[PDB]
Peer 1: 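Sharing a structure, written as structure tokens. Questions coming.
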There are 2 protein chains.
Amino acid sequence: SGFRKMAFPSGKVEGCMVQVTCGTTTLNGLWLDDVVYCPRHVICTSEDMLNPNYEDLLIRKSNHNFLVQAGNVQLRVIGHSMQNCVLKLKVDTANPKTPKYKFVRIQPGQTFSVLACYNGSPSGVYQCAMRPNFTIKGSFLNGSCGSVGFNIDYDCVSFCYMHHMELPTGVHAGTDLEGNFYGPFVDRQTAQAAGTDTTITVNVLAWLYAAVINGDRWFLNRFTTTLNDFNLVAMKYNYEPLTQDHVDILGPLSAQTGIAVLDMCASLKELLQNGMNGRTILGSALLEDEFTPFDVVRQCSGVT
Amino acid sequence: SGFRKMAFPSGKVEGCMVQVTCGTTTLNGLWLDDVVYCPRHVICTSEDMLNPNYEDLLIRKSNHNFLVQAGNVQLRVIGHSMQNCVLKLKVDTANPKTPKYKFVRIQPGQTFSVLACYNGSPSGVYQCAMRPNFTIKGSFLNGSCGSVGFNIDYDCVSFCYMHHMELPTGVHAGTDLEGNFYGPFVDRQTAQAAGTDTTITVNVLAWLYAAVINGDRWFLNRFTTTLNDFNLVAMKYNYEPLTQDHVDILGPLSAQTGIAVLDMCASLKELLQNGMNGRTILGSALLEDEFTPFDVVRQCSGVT
Ligand SMILES: *CC(=O)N1CCN(S(=O)(=O)c2ccccc2C#N)CC1
Ligand SMILES: *CC(=O)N1CCN(S(=O)(=O)c2ccccc2C#N)CC1
């Protein structure tokens with residue numbers, strides 16, 4: 001029993017973190033096989049960052065300008081290329097700790113673990129969600145860029161995020177491991193505003209199911225609703241529209257608890273309209289939306 | 001910027017987790033050097049658990065009854081002893097991945113990371129606090145016993161918790177790595193009620209400092225208070241008394257922000273008396289008390 005914001009065990013990813021230095025900029029890189037992946041802004045001066053031309057800046061960089069350090073051992077860079085907003089540094093040594101891995105581009109609402117790193121050294125691990133506005137709400141100081149987000153399916157690490165940027169509102173933007181930003185963000189120090197940070201409805205429902213399973217049941221009511229009725233109330237409270245796809249995904253939690261998805265929608269509707277009245281659900285005074293249905297099943301079933 | 005509930009990187013601890021089986025009970029063990037540490041209740045039948053006599057139950061157990069598996073490789077048990085509520089299983093092989101380590105007994109209010117495990121395999125990592133009533137609020141299913149809590153100082157893992165028990169109220173009890181329970185709990189299936197779960201005041205203050213540092217400032221007010229005045233309001237709201245020791249510990253966060261500790265106490269007093277009025281602080285609608293002042297400095301400074 002009990003339900004916690006839980007990150008994946010980070011050891012498989014700790015084994016992949018290196019330091020990348022170009023001139024005076026130090027950040028983190030991800031070493032898989034004989035390639036080190038890092039943010040292309042490693043090549044910029046903070047001045048360059050106002051209006052960088054990365055192809056032009058890269059011309060002035062040689063393999064020997066990219067200093068790659070794994071622990072206190074230097075790696076030999078034998079190649080470099082730009083793919084979108086990441087650099088791929090070919091090194092002469094395969095990472096001996098390379099886990100089974102995939103590069104995946106996640107959808108908004110999908111959760112992942114972040115291993116926050118500085119100078120290629122892990123400082124901590126936390127659970128994030130790709131927000132509907134394609135930001136994440138992370139914890140990232142100067143030097144944390146190239147820190148990665150990931151899921152684990154048993155022994156295969158799926159890398160979904162690399163950290164590149166803090167917006168002036170203190171929320172975070174980054175790329176998949178092909179260097180494509182999530183959302184409309186660019187690696188330039190310019191006016192970039194996030195859109196509406198809507199609540200991930202299907203994740204809130206998952207978390208209400210988690211609460212019921214762990215004995216927090218006070219919010220269950222005598223009502224039901226329809227997808228269309230629920231969605232009227234969702235729109236009004238800046239919740240994402242609930243689709244039949246989301247309902248289908250909640251099916252197993254529905255089955256385990258014997259609470260119809262639409263009944264739990266009606267509970268959530270009353271919570272939105274009435275508030276918590278100073279009560280808590282799983283130790284929170286607001287409706288948590290950074291657990292996927294898959295997360296709730298994983299934690300409630302004990303997958304490794 | 002941004003402030004997250006952050007666990008230590010877990011790789012050093014992943015490298016220590018094994019499976020322990022005695023008859024039909026499977027749980028987790030911690031392999032450091034040539035010793036495997038696990039809950040003594042591994043030797044019980046669920047029937048034994050009503051009124052177990054551990055010394056008597058242990059007499060019927062030989063070294064070869066303790067099945068210890070690290071990955072899919074069996075370890076040879078060459079000795080076993082009981083220390084308080086843990087078993088120490090001497091094995092013929094030193095754990096080659098043994099990190100630098102310490103056993104520490106933490107005080108209530110101290111935070112730590114838990115690596116939740118099943119069958120000696122990591123499922124996830126989360127941040128906990130030793131509650132003032134010597135429970136933790138964890139996420140632990142059957143098979144999670146012998147999962148450990150730890151802090152890391154650079155390269156030295158300080159083990160502070162091993163998981164043993166869920167109380168009928170779904171909160172958790174366990175031991176230090178010398179097998180001494182935190183609080184008054186016993187490894188027996190009996191009426192055990194937790195005392196008052198009071199709020200860790202010094203941790204809330206730390207977290208308010210974290211909020212100010214990350215730009216959440218709306219709760220700062222024009223007031224100050226005294227330790228005695230604050231403590232009257234603390235008592236009334238089931239907050240731990242604030243001591244000059246706690247004030248001294250908040251000194252560095254005081255200095256960084258230029259907010260006198262007692263001024264921040266006065267902010268916290270107004271929050272307790274007035275509530276949040278539907279506002280949030282660092283994404284929470286309630287006052288977070290599972291960050292120590294040390295945690296806030298670590299995360300805000302980026303220690304590895
Ligand atoms: C996340 C991270 O480590 N960084 C992003 C923010 N910068 S920076 O804006 O200070 C900067 C300085 C010099 C050159 C490039 C950049 C960028 N971007 C620090 C690195
Ligand atoms: C945490 C954990 O893995 N366990 C504690 C709860 N038990 S149990 O109560 O089901 C039990 C069954 C058989 C023998 C001993 C115990 C105990 N305690 C499962 C293990």
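Both counts, for ligands and for their atoms, begin at 1 and track the order of listing. Below, read A as the first sequence line, B as the second, and so on, with proteins coming before strands; counting in each chain starts at 1.
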Peer 1: State whether the side chain of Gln127(A) and the backbone N or O of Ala129(A) hold a donor-acceptor pair below 3.5 Å, judged by distance alone.
Peer 2: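 Pair absent, no side-chain N/O of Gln127(A) close to backbone of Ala129(A).
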
Peer 1: Within the distance-only criterion (no hydrogens, no angle test), does the side chain of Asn151(B) pair as donor or acceptor with the backbone N or O of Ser158(B) below 3.5 angstrom?
Peer 2: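 Not confirmed, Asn151(B) side chain does not pair with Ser158(B) backbone.
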
Peer 1: Are any side-chain N or O atoms of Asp48(A) and backbone N or O atoms of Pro52(A), one a donor and one an acceptor, separated by less than 3.5 Å?
Peer 2: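 Side chain of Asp48(A) to backbone of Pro52(A), a donor-acceptor pair under 3.5 Å: no, none is there.
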
Peer 1: Checking side-chain hydrogen bond (donor to acceptor under 3.5 Å, both in side chains) between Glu290(B) and each of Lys137(B), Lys5(B), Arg131(B), which is the one that passes?
Peer 2: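 Among the candidates, only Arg131(B) passes.
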
Peer 1: Report all protein residues having a heavy-atom distance below 4.0 Å to some atom of ligand 1; order the list by chain, then number.
Peer 2: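 Residue list for ligand 1: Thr25(A), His41(A), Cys44(A), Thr45(A), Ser46(A), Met49(A), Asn142(A), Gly143(A), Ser144(A), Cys145(A).
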
Peer 1: Between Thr26(B) (side chain) and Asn119(B) (backbone), is there a donor-acceptor pair under 3.5 Å?
Peer 2: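 No, because the side chain of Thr26(B) does not come within donor-acceptor range (under 3.5 Å) of the backbone of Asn119(B).
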
Peer 1: Please check this pair: side chain of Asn28(B) against backbone of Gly120(B), looking for a donor-acceptor N/O pair closer than 3.5 Å.
Peer 2: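 Such a contact is found between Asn28(B) side chain and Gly120(B) backbone.
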
